[PDB]
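S.K.: Please find model-v6.pdb (PDB, C-alpha atoms) on the next line:
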MODEL        1
ATOM      1  CA  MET A   1       0.000   0.000   0.000  1.00  0.00           C
ATOM      2  CA  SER A   2       2.322   2.798   1.182  1.00  0.00           C
ATOM      3  CA  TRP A   3       1.479   6.348   0.051  1.00  0.00           C
ATOM      4  CA  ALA A   4       1.794   5.662  -3.707  1.00  0.00           C
ATOM      5  CA  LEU A   5       5.540   6.274  -3.228  1.00  0.00           C
ATOM      6  CA  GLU A   6       6.662   3.694  -5.821  1.00  0.00           C
ATOM      7  CA  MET A   7       4.553   5.784  -8.222  1.00  0.00           C
ATOM      8  CA  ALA A   8       5.859   9.169  -7.026  1.00  0.00           C
ATOM      9  CA  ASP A   9       9.395   8.035  -7.954  1.00  0.00           C
ATOM     10  CA  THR A  10       8.516   7.141 -11.566  1.00  0.00           C
ATOM     11  CA  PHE A  11       6.643  10.474 -11.569  1.00  0.00           C
ATOM     12  CA  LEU A  12       9.560  12.792 -10.728  1.00  0.00           C
ATOM     13  CA  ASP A  13      11.583  10.638 -13.146  1.00  0.00           C
ATOM     14  CA  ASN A  14       9.274  11.435 -16.084  1.00  0.00           C
ATOM     15  CA  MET A  15       7.867  14.676 -14.619  1.00  0.00           C
ATOM     16  CA  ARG A  16       8.673  16.621 -17.813  1.00  0.00           C
ATOM     17  CA  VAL A  17       5.355  18.518 -17.898  1.00  0.00           C
ATOM     18  CA  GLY A  18       3.663  15.201 -18.769  1.00  0.00           C
ATOM     19  CA  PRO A  19       3.759  13.541 -22.197  1.00  0.00           C
ATOM     20  CA  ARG A  20       2.558  15.272 -25.389  1.00  0.00           C
ATOM     21  CA  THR A  21       2.735  12.848 -28.340  1.00  0.00           C
ATOM     22  CA  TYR A  22       4.598   9.739 -29.558  1.00  0.00           C
ATOM     23  CA  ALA A  23       5.604  10.857 -33.087  1.00  0.00           C
ATOM     24  CA  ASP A  24       7.602  13.749 -31.620  1.00  0.00           C
ATOM     25  CA  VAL A  25       9.259  12.295 -28.503  1.00  0.00           C
ATOM     26  CA  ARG A  26       9.823   9.216 -30.703  1.00  0.00           C
ATOM     27  CA  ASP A  27      11.609  11.084 -33.527  1.00  0.00           C
ATOM     28  CA  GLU A  28      13.907  12.398 -30.773  1.00  0.00           C
ATOM     29  CA  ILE A  29      15.514   8.944 -30.447  1.00  0.00           C
ATOM     30  CA  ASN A  30      16.569   9.316 -34.106  1.00  0.00           C
ATOM     31  CA  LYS A  31      18.652  12.506 -34.436  1.00  0.00           C
ATOM     32  CA  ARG A  32      19.497  12.354 -30.704  1.00  0.00           C
ATOM     33  CA  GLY A  33      20.970   8.827 -30.765  1.00  0.00           C
ATOM     34  CA  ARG A  34      24.338   8.005 -29.162  1.00  0.00           C
TER      35      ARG A  34
ENDMDL
END
Could I get this file's structure written as structure tokens?

M.R.:
Amino acid sequence: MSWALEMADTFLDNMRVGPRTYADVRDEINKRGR
């Protein structure tokens, strides 16, 4: 149970103003590779 902590962690991890779309964030893993 806890206070939804396990979720709060993954939240601050991806707390980038929430998601917006997949075509965009996805194309980022193309020109921004390694």

S.K.: Atom CA of residue A:29 and atom CA of residue A:14 are how many Å apart?

M.R.: 15.9 Å

S.K.: Report, in Å with one decimal, the straight-line distance from atom CA of residue A:4 to atom CA of residue A:16.

M.R.: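 Spanning atom CA of residue A:4 to atom CA of residue A:16 is a straight-line distance of 19.1 Å.
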
S.K.: Mind working out the centre and edge lengths of an axis-aligned box for stretch 4-19 of chain A, all listed atoms inside, 6 Å added to each side, rounded to one decimal in Å and written as AutoDock Vina command-line options?

M.R.:
--center_x 6.7 --center_y 11.1 --center_z -12.7 --size_x 21.8 --size_y 26.8 --size_z 31.0

S.K.: What gap, in Å, lies between atom CA of residue A:32 and atom CA of residue A:20?

M.R.: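 Computed distance, atom CA of residue A:32 to atom CA of residue A:20, equals 18.0 Å.
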
S.K.: Complete stretch 6-27 of chain A at the level of N, CA and C atoms, written as a PDB file, in the coordinates of the input.

M.R.:
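Ended up saving to out-v8.pdb:
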ATOM      1  N   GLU A   6       6.076   4.353  -4.618  1.00  0.00           N
ATOM      2  CA  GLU A   6       6.662   3.694  -5.821  1.00  0.00           C
ATOM      3  C   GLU A   6       6.200   4.429  -7.079  1.00  0.00           C
ATOM      4  N   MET A   7       5.052   5.046  -7.029  1.00  0.00           N
ATOM      5  CA  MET A   7       4.553   5.784  -8.222  1.00  0.00           C
ATOM      6  C   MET A   7       5.162   7.187  -8.232  1.00  0.00           C
ATOM      7  N   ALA A   8       5.273   7.800  -7.087  1.00  0.00           N
ATOM      8  CA  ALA A   8       5.859   9.169  -7.026  1.00  0.00           C
ATOM      9  C   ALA A   8       7.270   9.153  -7.620  1.00  0.00           C
ATOM     10  N   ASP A   9       8.013   8.102  -7.397  1.00  0.00           N
ATOM     11  CA  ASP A   9       9.395   8.035  -7.954  1.00  0.00           C
ATOM     12  C   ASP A   9       9.330   8.074  -9.482  1.00  0.00           C
ATOM     13  N   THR A  10       8.621   7.155 -10.079  1.00  0.00           N
ATOM     14  CA  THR A  10       8.516   7.141 -11.566  1.00  0.00           C
ATOM     15  C   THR A  10       7.907   8.460 -12.045  1.00  0.00           C
ATOM     16  N   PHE A  11       7.258   9.177 -11.167  1.00  0.00           N
ATOM     17  CA  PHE A  11       6.643  10.474 -11.569  1.00  0.00           C
ATOM     18  C   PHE A  11       7.738  11.533 -11.705  1.00  0.00           C
ATOM     19  N   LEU A  12       8.473  11.778 -10.655  1.00  0.00           N
ATOM     20  CA  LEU A  12       9.560  12.792 -10.728  1.00  0.00           C
ATOM     21  C   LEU A  12      10.549  12.380 -11.818  1.00  0.00           C
ATOM     22  N   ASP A  13      10.646  11.107 -12.088  1.00  0.00           N
ATOM     23  CA  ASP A  13      11.583  10.638 -13.146  1.00  0.00           C
ATOM     24  C   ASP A  13      11.089  11.134 -14.505  1.00  0.00           C
ATOM     25  N   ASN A  14       9.823  10.970 -14.780  1.00  0.00           N
ATOM     26  CA  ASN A  14       9.274  11.435 -16.084  1.00  0.00           C
ATOM     27  C   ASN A  14       8.364  12.642 -15.844  1.00  0.00           C
ATOM     28  N   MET A  15       8.711  13.481 -14.905  1.00  0.00           N
ATOM     29  CA  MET A  15       7.867  14.676 -14.619  1.00  0.00           C
ATOM     30  C   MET A  15       8.253  15.816 -15.566  1.00  0.00           C
ATOM     31  N   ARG A  16       8.302  15.550 -16.844  1.00  0.00           N
ATOM     32  CA  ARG A  16       8.673  16.621 -17.813  1.00  0.00           C
ATOM     33  C   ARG A  16       7.405  17.301 -18.333  1.00  0.00           C
ATOM     34  N   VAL A  17       6.606  17.840 -17.453  1.00  0.00           N
ATOM     35  CA  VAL A  17       5.355  18.518 -17.898  1.00  0.00           C
ATOM     36  C   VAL A  17       4.417  17.494 -18.540  1.00  0.00           C
ATOM     37  N   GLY A  18       4.550  16.245 -18.181  1.00  0.00           N
ATOM     38  CA  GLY A  18       3.663  15.201 -18.769  1.00  0.00           C
ATOM     39  C   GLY A  18       4.050  14.961 -20.231  1.00  0.00           C
ATOM     40  N   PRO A  19       3.497  13.918 -20.796  1.00  0.00           N
ATOM     41  CA  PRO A  19       3.759  13.541 -22.197  1.00  0.00           C
ATOM     42  C   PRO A  19       2.953  14.427 -23.153  1.00  0.00           C
ATOM     43  N   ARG A  20       3.304  14.432 -24.411  1.00  0.00           N
ATOM     44  CA  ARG A  20       2.558  15.272 -25.389  1.00  0.00           C
ATOM     45  C   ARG A  20       2.146  14.412 -26.586  1.00  0.00           C
ATOM     46  N   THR A  21       3.076  13.710 -27.173  1.00  0.00           N
ATOM     47  CA  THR A  21       2.735  12.848 -28.340  1.00  0.00           C
ATOM     48  C   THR A  21       3.831  11.799 -28.535  1.00  0.00           C
ATOM     49  N   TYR A  22       3.576  10.804 -29.340  1.00  0.00           N
ATOM     50  CA  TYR A  22       4.598   9.739 -29.558  1.00  0.00           C
ATOM     51  C   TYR A  22       5.421  10.019 -30.822  1.00  0.00           C
ATOM     52  N   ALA A  23       4.832  10.591 -31.838  1.00  0.00           N
ATOM     53  CA  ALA A  23       5.604  10.857 -33.087  1.00  0.00           C
ATOM     54  C   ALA A  23       6.757  11.816 -32.801  1.00  0.00           C
ATOM     55  N   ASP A  24       6.526  12.761 -31.952  1.00  0.00           N
ATOM     56  CA  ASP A  24       7.602  13.749 -31.620  1.00  0.00           C
ATOM     57  C   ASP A  24       8.628  13.098 -30.693  1.00  0.00           C
ATOM     58  N   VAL A  25       8.291  12.918 -29.449  1.00  0.00           N
ATOM     59  CA  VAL A  25       9.259  12.295 -28.503  1.00  0.00           C
ATOM     60  C   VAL A  25       9.926  11.089 -29.168  1.00  0.00           C
ATOM     61  N   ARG A  26       9.224  10.404 -30.030  1.00  0.00           N
ATOM     62  CA  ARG A  26       9.823   9.216 -30.703  1.00  0.00           C
ATOM     63  C   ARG A  26      10.893   9.663 -31.704  1.00  0.00           C
ATOM     64  N   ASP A  27      10.593  10.628 -32.534  1.00  0.00           N
ATOM     65  CA  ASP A  27      11.609  11.084 -33.527  1.00  0.00           C
ATOM     66  C   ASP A  27      12.847  11.606 -32.797  1.00  0.00           C
TER      67      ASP A  27
END
